[PDB]
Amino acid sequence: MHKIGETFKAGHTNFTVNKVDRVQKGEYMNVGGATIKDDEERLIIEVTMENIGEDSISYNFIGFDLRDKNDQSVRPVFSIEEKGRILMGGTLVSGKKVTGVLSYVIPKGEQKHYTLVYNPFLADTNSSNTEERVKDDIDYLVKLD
């Protein structure tokens, strides 16, 4: 599939999972549809998106997902710590890069059983050229080990 550290072409972007840091003590929060503390361990995946197409890209957190060995989604989370780094949404004009973090709570030292999923069509929320990019609708897996 794809490994941590490797850059690859995905749709109109070059995408990469930089590092995976893990924290313990700390309060975390669900990124949508809901004070909780440490559960077991929180992944802090840093990723980078590079727009290599002509059209501007409106990147969004919904384009991301973490799956189990049983291929099940893990709710996204965010900590007050990575303030300013939390990947949410924004515009990425042609030729530009954006780096941010995704976060999830999982069983202690269970990291190797997880795959980050990236769908460039889903990640780009530009409504002006949607039909013009349906071909990008494909999942890209990055195993975390």
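Sequential numbering from 1, following the sequence displayed.
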Extent of unmodelled deposited sequence, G89 relative to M88: none
Higher-B stretch (mean Cα B-factor, as the entry records it), 12 to 20 or 118 to 126: 12 to 20
Mean C-alpha temperature factor, higher of 38 to 46 and 58 to 66: 38 to 46
Out of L102, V98, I52, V31, residue topping the C-alpha B-factor column of the entry: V31
Modelled-residue ranking by C-alpha temperature factor, third containing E6: middle
